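Chains as they are written, first to last, in this note's numbering: chain V, 1 to 142; chain C, 1 to 117; chain B, 1 to 149; chain E, 1 to 109; chain Z, 1 to 54; chain G, 1 to 101. Report on the structure given below.
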Amino acid sequence: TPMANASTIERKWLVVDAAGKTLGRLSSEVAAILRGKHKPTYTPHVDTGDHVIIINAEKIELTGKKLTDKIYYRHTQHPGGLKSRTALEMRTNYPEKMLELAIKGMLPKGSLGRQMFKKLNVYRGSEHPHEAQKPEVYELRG
Amino acid sequence: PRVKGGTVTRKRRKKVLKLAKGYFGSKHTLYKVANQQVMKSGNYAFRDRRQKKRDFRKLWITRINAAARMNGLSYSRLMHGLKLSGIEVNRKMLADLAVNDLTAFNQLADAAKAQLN
Amino acid sequence: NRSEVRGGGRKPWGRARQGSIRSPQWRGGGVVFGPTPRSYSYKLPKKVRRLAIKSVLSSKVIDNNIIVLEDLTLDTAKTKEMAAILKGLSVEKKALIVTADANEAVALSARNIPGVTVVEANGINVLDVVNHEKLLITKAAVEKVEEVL
Amino acid sequence: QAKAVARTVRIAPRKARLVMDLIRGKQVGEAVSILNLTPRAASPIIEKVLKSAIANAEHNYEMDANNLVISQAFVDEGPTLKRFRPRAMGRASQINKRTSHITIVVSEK
Amino acid sequence: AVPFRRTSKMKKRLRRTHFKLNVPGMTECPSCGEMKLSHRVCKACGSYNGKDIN
Amino acid sequence: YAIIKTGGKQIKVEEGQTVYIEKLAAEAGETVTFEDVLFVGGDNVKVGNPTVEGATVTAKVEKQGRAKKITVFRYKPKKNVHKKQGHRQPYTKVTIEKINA
RNA sequence: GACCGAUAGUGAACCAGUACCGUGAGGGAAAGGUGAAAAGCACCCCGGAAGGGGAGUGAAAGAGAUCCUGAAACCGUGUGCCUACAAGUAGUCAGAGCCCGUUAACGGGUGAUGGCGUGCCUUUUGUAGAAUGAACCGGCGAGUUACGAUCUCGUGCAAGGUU
RNA sequence: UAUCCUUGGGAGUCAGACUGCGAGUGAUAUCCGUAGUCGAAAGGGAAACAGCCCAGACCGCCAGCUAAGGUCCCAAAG
RNA sequence: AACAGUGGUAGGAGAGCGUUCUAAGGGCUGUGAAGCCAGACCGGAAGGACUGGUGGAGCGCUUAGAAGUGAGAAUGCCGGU
């Protein structure tokens with residue numbers, strides 16, 4: 001008879017900079033933190049993660065030629081509608097959306113996954129408004 | 001003689017419908033679909049009664065992994081050290097005590113580290 | 001059965017290919033198999049019957065349920081007299097009376113009592129003696145039964 | 001509480017229920033005024049049933065008017081008449097002339 | 001076209017959501033009439049807020 | 001606060017509580033002693049390598065019974081194979097009185 | 001009578017070879033039960049009437065004329081728990097919160113979330129099938145009897161057995 | 001190592017499927033011999049996938065060790 | 001006790017549960033039987049009790065015997081919806 005968790009938890013606040021770090025090697029760790037696997041009170045059917053704030057999200061890095069070859073597709077459900085964007089445009093025009101997509105693809109599907117995703121805050125530049133929550137710096141262990 | 005055959009079918013059919021109480025819609029009123037569903041739930045329970053045994057070991061392993069990584073060790077290294085630092089037979093369920101009393105778990109990790117190096 | 005029910009004889013009328021309105025599955029159709037007149041009776045070898053009657057006679061003697069009396073005589077056919085005679089002995093349950101030849105007075109006097117049956121020595125049988133509890137038999141009937149068997 | 005019931009009135013259910021949904025739980029005078037203003041078939045029948053219930057309450061149990069509310073009101077189904085309508089190419093169709101029971105129970109608020 | 005399958009009770013009840021009547025327009029009794037309709041006559045004597053007609 | 005091994009499983013016990021375990025083959029009323037004590041907690045901590053030396057846990061028995069009935073039913077589609085049976089697993093209830101380190 | 005008991009038993013327990021169908025020969029149904037006794041609801045109220053509420057008879061009126069008992073399908077009224085960001089052979093295992101309190105039992109109802117999960121029968125080498133069948137509920141509906149042949153088991157007698 | 005014979009009582013089945021291994025074809029774009037599995041077999045791995053790989057379900061447990069296959073996140077483990 | 005075993009279609013073998021009728025003994029009902037309704041009880045399965053409501057006059061237990069012997073499917077039949 002182990003112990004589950006039910007609403008008697010606390011969520012901390014962490015700030016991670018994305019200067020220099022590669023895309024996946026940071027997104028994986030951030031997703032693991034978000035799901036709450038870093039604490040001994042883990043529970044599959046209850047949200048136990050934390051809040052993750054990312055700063056300097058426009059200085060991300062990719063290895064190889066991916067910066068000109070990785071292509072993001074989307075479909076508009078109309079015939080012949082298939083929109084494409086190169087990674088360079090995604091980086092120089094919507095830097096936060098690329099990070100959001102990369103992290104979101106790494107989270108479980110369903111209601112709990114989509115409710116988990118709501119704890120992620122991504123900011124271009126080196127300034128965030130979350131001051132009253134007293135964020136604590138957290139380096140990437142991996 | 002002639003056996004009319006009444007009062008027997010109703011008694012047997014009514015017991016099937018009593019186990020189907022709580023099902024959605026016509027599955028709890030009509031006899032045929034109720035019998036079909038009660039049979040299907042028969043082996044859904046047998047399958048799950050053995051999955052349950054291998055679905056808590058995973059939870060214990062995950063919690064122990066997190067607790068050990070809070071100390072600098074990993075799960076595999078901690079388990080090897082425990083298996084080698086004597087044995088201290090301890091089911092993952094009873095090594096889940098990291099949640100309740102974290103101090104003792106640190107003592108066990110310290111012993112495993114001491115033997116591991 | 002199917003061929004004795006009045007009616008039928010023609011096709012009734014994508015429905016099921018009905019053949020007659022008296023088929024076994026219809027509402028008022030014929031009966032498949034079911035009862036038929038016959039007789040339940042067989043016979044056993046004679047020695048088996050003799051052994052059976054001997055055994056049922058000896059079983060009563062085993063537990064002193066056989067009361068043999070010198071002679072039975074009733075001047076008048078009165079049920080009260082028969083009841084008094086039965087009460088004189090220790091007979092309270094159904095009893096079987098066996099007499100040599102045939103006595104009309106005794107037969108007509110014990111006829112109405114619920115549990116008493118009167119037979120001659122020639123009419124003894126296994127079921128009658130195995131049914132009633134106490135067997136009263138005249139000594140002459142004892143001798144004749146011994147002679148027969 | 002006073003009860004009034006009408007049995008086997010020649011009106012199909014699911015048509016009397018529409019009107020009955022309007023007057024459930026309301027005051028007696030308001031209910032009568034509502035029933036007098038809706039142009040439907042079941043309104044004259046339900047009004048008569050309601051007034052019979054009112055009269056029973058006033059007379060038999062010695063209750064008071066201007067204080068009663070419609071505590072209970074419902075419509076149930078009853079025996080059905082079956083008829084046949086001829087159709088094209090020598091076929092027949094079935095018609096169900098349905099009947100209903102109407103019950104109203106009033107009580108002091 | 002014929003229905004492919006029967007419809008359950010839940011779907012029927014959900015379809016009948018908007019199939020209901022409306023509470024009529026309630027106004028004052030004209031010339032002590034009986035609770036007449038808006039812009040119309042009294043039931044008693046065909047009165048218009050006391051202006052009897054017909 | 002002691003970790004004991006019984007019935008091919010391990011449990012954690014502190015004095016005053018009640019536990020259900022596998023059949024001990026002990027008539028209700030006598031006292032059983034568990035010998036396999038793995039861990040001892042509270043103030044000083046003792047960790048025996050296979051077992052803690054010289055540790056016995058005392059308990060008394062008051063009920064031996066069977067759990068709620070479980071009906072096991074299995075079948076195979078289209079091959080006409082059914083099977084049904086029932087089960088009630090026995091158990092023994094005991095309360096601890098002395099950890100006795 | 002180790003025969004039936006109203007879908008059974010004659011087609012027919014009831015105004016049955018009737019109603020109905022066909023030019024005609026001919027085919028051919030469905031339909032039993034108030035109470036021991038009519039003592040079958042005088043009288044009052046709403047209502048055009050039908051139908052109700054009182055009073056009364058009666059052991060029972062929830063036995064009031066298709067009237068003993070009154071199951072399931074189907075139709076409703078009230079309420080405890082859940083439900084308007086959610087993808088579903090809807091069940092099973094784990095599980096918070098809320099409401100109760102039993103043939104006292106390691107209790108009952110509901111259920112946010114997580115894992116798994118392509119109905120039943122028939123047939124085929126092989127079916128989730130886009131291969132067949134069933135709208136749902138209830139009743140009826142399929143390995144018997146007679147005479148012969150051979151084998152197993154049981155009992156009686158035994159170089160004899162048996163009508 | 002425990003299977004084998006004879007007699008007697010009952011059957012069902014009657015020219016199946018796929019995958020490896022050795023010979024002969026359409027046009028090596030079906031044939032025979034041999035072994036396995038499914039048919040009559042659930043569980044784990046090949047994303048889903050009767051015939052491929054591991055392995056044979058009397059029932060219960062919130063105990064442990066391994067096979068094929070694996071250890072960044074979906075998803076347990078470098 | 002100690003060992004060993006318990007997937008399974010067509011099939012072969014064995015042991016059992018229920019329904020109506022008959023024979024003997026034993027006994028329950030107007031202080032409420034058969035039937036119907038509800039429940040958190042008992043057996044390894046087919047199944048069997050115990051309480052409460054309705055019902056208003058017939059039913060069951062032990063041992064044997066005889067069968068018009070157990071229904072989810074036949075584009076099954078009849079009826080109701």
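For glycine and all other residues, C-beta sits at the position ideal for the given N, C-alpha and C.
Residues near residue i in its chain [Cβ-Cβ closer than 7 Å; skip 5 each side]
{"i": "residue 56/B", "result": "126, 129, 130"}
{"i": "residue 114/B", "result": "none"}
{"i": "residue 140/B", "result": "100"}
{"i": "residue 143/V", "result": "What the structure shows of chain V is the stretch from 1 to 142, and residue 143/V is not part of that stretch, so it cannot be assessed."}
{"i": "residue 75/V", "result": "81, 82"}
Reduced DSSP secondary structure (H/G/I, E/B, other) of residue i
{"i": "residue 22/V", "result": "strand"}
{"i": "residue 22/E", "result": "helix"}
{"i": "residue 8/C", "result": "coil"}
{"i": "residue 123/B", "result": "helix"}
{"i": "residue 73/V", "result": "strand"}
{"i": "residue 31/E", "result": "helix"}
{"i": "residue 22/Z", "result": "coil"}
{"i": "residue 130/B", "result": "helix"}
{"i": "residue 92/V", "result": "helix"}
{"i": "residue 136/V", "result": "strand"}
{"i": "residue 122/V", "result": "strand"}
{"i": "residue 4/Z", "result": "coil"}
{"i": "residue 103/E", "result": "strand"}
{"i": "residue 88/G", "result": "coil"}
Range of the contiguous beta strand (DSSP E) that encloses residue i
{"i": "residue 85/V", "result": "82-86"}
{"i": "residue 161/V", "result": "The structure shown does not extend to residue 161/V, since chain V is modelled only from 1 through 142, so no value can be given for it."}
{"i": "residue 76/E", "result": "68-77"}
{"i": "residue 141/B", "result": "Run containing residue 141/B: none in the beta strand (DSSP E); it sits in the alpha helix (DSSP H), 139-148."}
Same chain only: Cβ atoms within 8 Å of residue i, ignoring 5 sequence neighbours per side
{"i": "residue 91/G", "result": "20, 21, 22, 23, 64, 65, 66, 67"}
{"i": "residue 65/C", "result": "74, 75"}
{"i": "residue 97/V", "result": "90"}
Host alpha helix (DSSP H) of residue i (start-end)
{"i": "residue 95/V", "result": "95-104"}
{"i": "residue 59/E", "result": "42-59"}
{"i": "residue 79/B", "result": "79-88"}
{"i": "residue 62/C", "result": "56-69"}
{"i": "residue 46/C", "result": "31-51"}
{"i": "residue 84/E", "result": "Note, residue 84/E: premise wrong, no alpha helix (DSSP H); beta strand (DSSP E) at 81-87."}
{"i": "residue 113/V", "result": "111-117"}
{"i": "residue 49/B", "result": "46-62"}
{"i": "residue 109/B", "result": "104-109"}
Close-in-space but distant-in-sequence residues of the same chain around residue i (CB under 6 Å, 5 per side omitted)
{"i": "residue 77/B", "result": "105, 108, 109"}
{"i": "residue 56/V", "result": "17, 18, 19, 126"}
Residue i: CB within 7 Å of a non-hydrogen atom of the ligand NAD
{"i": "residue 53/E", "result": "With respect to the ligand NAD, the structure offers nothing, as it holds no ligand at all."}
| said: Give me the subset of the segment 37-65 of chain V whose CB atoms are less than 9 Å from a CB atom of chain C, sorted by chain position. | reply: Answer in chain order: 37, 38, 39, 40, 41, 42, 43, 44.
| said: For the segment 66-79 of chain C, list every residue whose C-beta sits within 9 Å of some C-beta in chain G, in sequence order. | reply: Taking 9 Å as the Cβ-Cβ cut-off against chain G, none of the residues of the segment 66-79 of chain C qualify.
| Within 7 Å of chain C by C-beta, residues of the segment 31-55 of chain G in sequence order | If the cut-off is 7 Å between Cβ atoms, the segment 31-55 of chain G has 38, 41, 45, 47, 49, 50 near chain C.
| Using 8 Å as the Cβ pair cut-off and three pairs as the minimum, do the segment 8-17 of chain G and the segment 78-93 of chain C touch? | The answer is yes - the segment 78-93 of chain C touches the segment 8-17 of chain G, with three or more Cβ pairs under 8 Å.
| What residues in the segment 62-84 of chain G have a beta carbon less than 7 Å from any beta carbon of chain C? | Those residues of the segment 62-84 of chain G that come within reach of chain C (Cβ to Cβ, closer than 7 Å) are 72, 73, 74, 75.
| said: Can you confirm whether the segment 70-87 of chain G touches the segment 35-42 of chain G when touching is taken to mean that 3 or more C-beta pairs between the two stretches lie within less than 8 Å? | reply: Cβ pair count under 8 Å is below three, so no.
| query | Within the chosen definition, does the segment 28-44 of chain C reach the segment 19-27 of chain Z through at least 3 CB pairs nearer than 8 Å? | reply | Counting C-beta pairs with one atom in each stretch, the segment 28-44 of chain C and the segment 19-27 of chain Z have fewer than three that are closer than 8 Å, which means they do not touch.
| field | Interfacial residues, the segment 8-34 of chain G to chain C, with Cβ spacing under 9 Å | value | Cβ contacts with chain C: 9, 10, 11, 12.
| said: Counting only Cβ-Cβ distances shorter than 9 Å, please list the residues of the segment 103-116 of chain C near chain G, keeping chain order. | reply: Answer set for the segment 103-116 of chain C: 103, 104, 107, 108, 111.
| Interface positions of the segment 21-37 of chain E facing chain Z (Cβ-Cβ less than 9 Å), listed along the chain | Within the segment 21-37 of chain E, the qualifying residues are 21, 22, 29, 30, 32, 33, 34, 36, 37.
| query | Within the chosen definition, does the segment 34-51 of chain Z reach the segment 23-41 of chain E through at least 3 CB pairs nearer than 8 Å? | reply | Pairwise C-beta distances place the segment 34-51 of chain Z in contact with the segment 23-41 of chain E, as three or more of them are shorter than 8 Å.
| request: Tell me, please, whether the segment 11-20 of chain C touches the segment 49-62 of chain C by the rule of three or more beta-carbon pairs shorter than 8 Å. | output: Between the segment 11-20 of chain C and the segment 49-62 of chain C, the count of C-beta pairs closer than 8 Å stays below three; the two stretches do not touch.
| message | Please identify, using Cβ separations under 9 Å, the residues of the segment 9-29 of chain Z that lie next to chain E, in order along the chain. | response | Against chain E - using a Cβ distance shorter than 9 Å - the residues of the segment 9-29 of chain Z are 19, 20, 21, 22, 23, 24, 25, 26.
| query | Do the segment 19-30 of chain B and the segment 84-100 of chain B touch if we need at least three Cβ pairs shorter than 8 Å? | reply | With the cut-off at 8 Å, the segment 19-30 of chain B and the segment 84-100 of chain B do not touch.
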